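Enquirer: Just need the structure, nothing else, for what follows:
(chains A, B, C, D, E, F, G and H, ligands or ions: 2)
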Amino acid sequence: XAXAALXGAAXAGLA
Amino acid sequence: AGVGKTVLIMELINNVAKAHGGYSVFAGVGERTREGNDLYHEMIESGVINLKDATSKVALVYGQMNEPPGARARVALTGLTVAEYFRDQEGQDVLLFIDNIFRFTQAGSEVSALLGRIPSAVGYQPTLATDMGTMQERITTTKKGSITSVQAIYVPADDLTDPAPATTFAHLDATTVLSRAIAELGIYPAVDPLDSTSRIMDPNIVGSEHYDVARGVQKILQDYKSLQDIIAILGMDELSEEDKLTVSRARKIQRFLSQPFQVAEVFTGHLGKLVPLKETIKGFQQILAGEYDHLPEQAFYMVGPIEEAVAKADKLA
Amino acid sequence: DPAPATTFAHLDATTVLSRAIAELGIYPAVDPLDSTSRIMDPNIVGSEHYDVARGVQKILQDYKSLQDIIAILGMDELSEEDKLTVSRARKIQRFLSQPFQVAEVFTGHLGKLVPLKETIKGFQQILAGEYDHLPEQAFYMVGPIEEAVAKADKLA
Amino acid sequence: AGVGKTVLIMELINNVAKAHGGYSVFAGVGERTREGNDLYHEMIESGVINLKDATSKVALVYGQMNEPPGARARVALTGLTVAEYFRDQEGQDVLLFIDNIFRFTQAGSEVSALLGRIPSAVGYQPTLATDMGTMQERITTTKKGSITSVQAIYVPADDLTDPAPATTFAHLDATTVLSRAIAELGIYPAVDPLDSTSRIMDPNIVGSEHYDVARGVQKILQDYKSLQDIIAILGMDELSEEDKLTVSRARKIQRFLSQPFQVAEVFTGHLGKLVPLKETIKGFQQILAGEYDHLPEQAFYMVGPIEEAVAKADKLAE
Amino acid sequence: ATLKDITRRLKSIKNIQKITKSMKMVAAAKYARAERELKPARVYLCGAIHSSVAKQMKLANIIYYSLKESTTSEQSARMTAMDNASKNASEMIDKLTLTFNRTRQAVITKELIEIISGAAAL
Amino acid sequence: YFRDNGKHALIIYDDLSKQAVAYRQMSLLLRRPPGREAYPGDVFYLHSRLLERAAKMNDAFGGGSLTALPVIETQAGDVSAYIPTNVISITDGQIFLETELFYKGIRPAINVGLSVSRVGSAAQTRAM
Amino acid sequence: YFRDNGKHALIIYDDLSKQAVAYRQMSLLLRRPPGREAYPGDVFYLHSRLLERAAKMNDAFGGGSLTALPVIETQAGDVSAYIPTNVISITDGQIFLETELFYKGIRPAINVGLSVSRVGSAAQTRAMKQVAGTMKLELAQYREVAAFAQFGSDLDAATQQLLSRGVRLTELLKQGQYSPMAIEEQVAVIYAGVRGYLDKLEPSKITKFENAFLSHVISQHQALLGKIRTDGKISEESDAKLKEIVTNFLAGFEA
Amino acid sequence: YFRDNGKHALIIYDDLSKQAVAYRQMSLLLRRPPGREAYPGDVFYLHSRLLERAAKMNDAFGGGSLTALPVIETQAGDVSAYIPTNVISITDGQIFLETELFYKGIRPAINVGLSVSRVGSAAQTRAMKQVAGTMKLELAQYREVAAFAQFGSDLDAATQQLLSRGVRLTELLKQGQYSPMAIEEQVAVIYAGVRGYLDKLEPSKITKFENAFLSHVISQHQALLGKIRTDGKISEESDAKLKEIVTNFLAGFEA
Ligand SMILES: Nc1ncnc2c1ncn2[C@@H]1O[C@H](COP(=O)(O)OP(=O)(O)O)[C@@H](O)[C@H]1O
Ligand SMILES: [Mg+2]
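Expert: Numbers count the residues shown, from 1 in each chain, chains lettered A, B, ... in the order given. Ligands and ions are numbered 1, 2, ... in the order given. Take a look:
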């Protein structure tokens, strides 16, 4: 949510 | 950061010059002035750049963050032009690095907006896909040579379906996921063996052998991942003669997947290794095989070809 | 959406179809808590009809609220009482489906046309716990309640 | 909408404006006409307004909801202007009440397109902030005089991030945030304990007892907030007795925070209570201290001072 | 749905998932112990446990039996139950994030369209 | 007419949702730039102006009155919505009906929590 | 002016959010084209051109510097909104503050997990690193388990350990306002928890402990701190001296 | 041209998704009001007009035809988006491929439940009708019991048995690329599974059985195939012959 972008590239192995 | 991003970028460069006599370009789209200069001297200290001679293996293109949208909009192309030459004029196998692909797109929207056009979904440019394709498409293998691009991707809001990222995937042939966790195991390059993917990982393309080995390494890596939870809680022992081998091997595997880079010799005090594809398949093939089950873990840490795994064991009594 | 949204006001009866329901295999995929009719009035359909109708809706509404929990924790932690609404609801839910002549090619069953009194009835009983013994499946894709009893035998 | 901005403003006029001893200015900007009438007649019935002599302690200015955007875009200025006079020209300390300042902003937005402007975010005018600035900047205490402004602030769609409410925070020294979620529970005043702030909430200013209690009260509510969603599903058993005591205390505090207003009797069906600062600090202090773990929550609901909670317990005892 | 609303559930289901996951690790632990202690004794939210006996419900030598058994079965049940609860919670976190991102995007577009709309009418 | 003549009237505006749409239409067609959600920047005013008319006159004016019961149609039970809040912020309270309540057997589907009366007991008989 | 002349300067922009708004207002009034959130197409550029001006010069230029602390005000924690996105993307890191944290008692409300410093240790003293490093590690380790605590009906002593270290270290990070400490004082305190001295202490006391402990060393032991400062690190000696200093103080403390 | 001249063509639009974005680009640049997803009001029509052109002419018009297999790319399996819904509301069915399935190793990752063929049954061969008919039925009874739940202990022989075909049938449906099968070859292999000739067998063997059992009947039995294919139905003899054919092959199959 709101600040998730500060994790990051988290679901990357899905792309 | 923290994860060997620059070092890996530098080894690739090196390895391209070495194994393919191909040069490289580095395009910094929206580079932080601080970081550019830091990249510069880092390459230098590692050799890839040579201020004294004519042995430099990289050309650097910069589109700093202070530059106006149009400049940060074009810099990638500029870098592209450069690389194209080592392909269309000298038929090598160039390397193109775009850092970061996101800032390209973003630069596109800014220019678009300025041109007063109506933004599309999520505010991006109506020409999002074209802007991208007129660029991406120049990156290919022609009859003369080939340009390969390593693009640094920044996913917005961690949203894989965001227009920016989504568009971009339409052109990717493979991902290289650097992982902080892996790095934490001391493993370097810190590439994630389970998250990183390739379109060419098809037996129809890499050949049944290559394909099988790969699919082998991965499953084991996967299985071990399962057990991971058990080990820590219920203790490493209900493990079968079978369950205990998958682990052992996996653990050897995880290590065999790590490696010393020539780029990092300057102060790693360790010689680099440029393992060959043949050697790579063989190595993993055997571990899977069970040839080195007797060998100990640490034997495989930071080495090149399996042969080194063997010798390391020696020196390790 | 402005289109459909602005349309409701012009109808006397509305059959809202649901993808969610359809995906469950229920056909027609009518949402029983979202479809309405100006005629649903005791002084028009009679109180027997009016009572079963509201009866069915209340159990389905009740089941709907339990769903969030059932979703993480399943039924185990449910009350004996709650579990009974869930059973009944899932049986009413199923009993609402039906094979159309027009859709025979897909259901693989012979179309059925249930008479109003047949419907009021079959629903009463379900409500009234007269079939708490039969399995859900017995109710799926059938005409009159009678067929739902048989289907039960066939299921053994 | 309807969370108690006005009522709270009403209780403050009562508990503060009434014992003032200086002037007061109440500017009704874009609010309900019915209200202006209620207030006027109340001021009179209480002598704050005197129709026979010069004892009037309050000036009134009105630009209600039945006015065109132009009037609404200006009443606040009118009211503020009156108030500035008593600040500077005379200087004897003034109380300023505005209800509701949001209306000033929404007034501007209403004519903004006819003024030929590209709309900013959320449909607001592009000059929102500045418009607010040149205005809010006059509403202030100076060396000449003192203003004590209480402004009601509407929150469109209940979204505190809305450009308007959002832009206002900076202009304040103290903020009382009301919440529908709290209100919905029957807890009035519906203040959100974890979203309200004051510049003086400083140990160096209110003192450590005040300070430690407040913070103490906040920690427990936060602690409890965290747990809420969890016990909700997983239940309460697995909870440590340590943790099931904060659940207790929190629930109690949550109640002790409510209060029957003098101005809301028509609403609560309870005689309004006015608690003094020390009665407050103490009552909470005690609850935190475990000194009432025996009384029931309900006893704490809709009461004034802690004693009433104790009394209510007995009355509740059967 | 409201990003504020979806953020709530998400915030919570994220928690429930970790708790639940934590409870299983526990349940597995005790259950390990139990399987061993069980061995000898035979030579003499917990799933559908408490209920199963409850329904069908309407010394020492054996007391320790029904006990020594009723704990393996329980620590067994809790474990699998919590295993699936987080399995559920994970399906949910994944599902909700999807709704989050659809809305998140939609909100942005909707605003921008509004702006453009008003600008173009001048 | 009734209000001003010491008589008593009750007016139902069923519903103000469709009226706003009409307004929005009329407005856009005149080329007045569209505002939030496409409505004219003054939708609030459109309703305030109207509902302020409902009132209770003093004995000096005949003691007559005008009581208004305006109807608003939410979507997905969302009362926080811009128009729904616009109107909630004018009237002397609201009666909120939920479909959940309704189906559940609670009819009227009045949601006690969310409904209010800014008049309070002053509008009730002592008995009540 | 400072930067260029061999001097060092610090700058705080409070906020860049308001400035963006100012710029937007002008843009739209001039009728330039509006983008997402009504921001002009050159709003990114506005900040990048600003924030880049800060930098560390080379001796060849004077060695002077300009550090920047720009402030951005998010909304409902939406770091991904327009302006926050730019600035985050422009700067070398972020210090993320949360309300939840704040109310929970963590003040300053720094969300340690989500905050960053690209520059990192390259800016930390050897003294600090000497301690910062393990701290960072146990915390990260706590963060993994934290959620379990409140329901840890029977956790092994392995993780149960990290829970303890977790809360203590966390308590160590707390801080009052207007009272910035010297690098030497910070390490002394951190050393206490990090070494395990406060593990048996009560969480409710860490705040009190530090206060008093630090008052003591600032009073009594200004020579060790001087050392720590000077030597730039924790010598094997000063290390031992600290051991006694805390072990005795603690004893005293729990009388 | 082919449809119009008594001939038969196949057109593949790969993708309609990208065309739609191309058109949208055009539309926005022309300044046409962006709607849902920023798409212009006429994007549905963009698709309908195109797709209406695929068609089956009668004899009095050449009996020719045009078959369209348009491709649409969903984001995160969201089958409700604006563009996907549009297209679904045009064609005569869909074949949804699942990410889950694809990774779990089921390819073609076809979602048996979701996918549809509104008009194709009539176009279906009897032979397939004969075998495929009781395949979705079987798969229907398998769709249920086949939960997300990986570790589930089951009871009931029937439901057990149902679960058992399901995994076999599923193995029969996996297919590599570039190796399109002859209809008669399909009925043959499908026959083996739907009839029970693979029940006694282990799901990991299915693939292997297929290739081996297929080459076998292709090599030795071109005689029966041709009948099936020629007759276009499965005659009593053909079926009788087939039954033994699976029978014997089985009997000799090396694990
Ligand atoms: N302090 C309070 N005590 C009891 N009821 C209250 C209180 N504040 C508000 N209410 C209820 O809320 C309604 C709306 O309050 P009001 O002040 O009119 O809200 P706002 O001005 O914030 O829209 C009141 O009419 C009353 O019914
Ligand atoms: Mg009010």
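
Enquirer: quick one: the helices in chain B?
Expert: Here chain B has its helices, by DSSP state H, at B:5-20, B:33-45, B:69-88, B:101-114, B:128-136, B:163-169, B:180-184, B:203-234, B:243-256, B:277-289, B:306-314.

Enquirer: what's the burial count for residue B:173?
Expert: Using other CB atoms under 10 Å in any protein chain shown, residue B:173 has 10 other residues around it. All C-beta atoms are positioned from the backbone trio N, CA, C, and that covers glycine.

Enquirer: From chain A, how far off is it?
Expert: According to CB to the nearest CB, to the nearest Å, residue B:173 and chain A sit 12 Å apart.

Enquirer: do residue F:127 as well
Expert: Where chain A is concerned, residue F:127 sits at a distance of 51 Å (CB to the nearest CB).

Enquirer: Assign that residue to helix, strand or coil.
Expert: coil (DSSP: H, G, I helix; E, B strand; the rest coil).

Enquirer: okay, now it: neighbour count?
Expert: The burial count for residue F:127: 4, using other CB under 10 Å.

Enquirer: quick revisit: may I see the helices of chain B arranged in TSV, with mean neighbour count as well?
Expert: Converted to TSV, the helices of chain B look like this (neighbours: other CB atoms under 10 Å in any protein chain shown):
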stretch	mean neighbour count
helix B:5-20	19
helix B:33-45	16
helix B:69-88	20
helix B:101-114	24
helix B:128-136	18
helix B:163-169	20
helix B:180-184	15
helix B:203-234	15
helix B:243-256	19
helix B:277-289	17
helix B:306-314	16
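
Enquirer: State the distance from whichever residue of chain F sits closest to chain G to chain H.
Expert: Nearest to chain G in chain F, going by CB to the nearest CB, is residue F:36, at a distance of 12.8 Å. Using CB to the nearest CB, residue F:36 is found at 17 Å from chain H.

Enquirer: Next, the contact list for the nearest residue to that residue once chain neighbours are set aside, please.
Expert: For residue F:36, ignoring the flanking residues on the chain, the nearest one in space by CB to CB, 6 or more residues apart in numbering or on different chains is residue D:123 at 3.3 Å. Residue D:123 is in contact with D:109, E:114, E:118, F:35, F:36, F:37, F:41, counting by CB atoms under 8 Å, 6 or more residues apart in numbering or on different chains.

Enquirer: correct me, but the fifth one touches residue D:121?
Expert: So that's residue F:36. No: using CB atoms under 8 Å, residue F:36 is not in contact with residue D:121, being 10.3 Å away.

Enquirer: Need the distance between the two termini of stretch B:83-99.
Expert: 15 Å (CA to CA, to the nearest Å).

Enquirer: now that stretch: how far from the chain's centre is it?
Expert: Stretch B:83-99 sits 18 Å away from the centroid of its parent chain (CA atoms, centre = their mean, to the nearest Å).

Enquirer: before we move on, the earlier item: nearest to residue D:243, out of the helices of chain B?
Expert: Proximity to residue D:243 (CB to CB) singles out helix B:203-234 among the helices of chain B, at 24.0 Å.

Enquirer: Check the offset of that closest one from the chain's centre.
Expert: Put simply, helix B:203-234 sits 20 Å off its chain's centre (CA atoms, centre = their mean).
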